[PDB]
């Protein structure tokens, strides 16, 4: 592995980007709060484990034409048990991307 990118980039209209992630959230049965037109707090109940996970979405402008959707995990407050806050954060992101987004 060589090049790591922060979030994902898009040249779609900002308002389209945000409306589409919002429809994506509702479709996925996550709960959300709009802090800003470009800043969302989102919370999901794990259908298997019954734990809750929180994350932030923030849109940034990187060019005159280009935007960057940023995902950030939020902290809470022998064989293992179900659950991993980090992996679960990865799956939320992935699900959100899959359900609002097409590789252009």
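Numbering follows the first chain given and starts at 1.
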**OP:** Look at the stretch from residue 77 to residue 78 and count the residues of the deposited sequence that the entry does not model, then pick none, 1 to 3, 4 to 9, or 10 or more.
**Re:** 10 or more
Subject >> Greater mean Cα temperature factor according to the PDB record, 6-14 or 78-86 >> reply: 78-86
Subject >> Per the entry, higher mean C-alpha B factor between 60-68 and 39-47 >> reply: 60-68
**OP:** Check where residue 73 lands among this chain's C-alpha B-factors and tell me if it's the lowest, middle or highest third.
**Re:** lowest
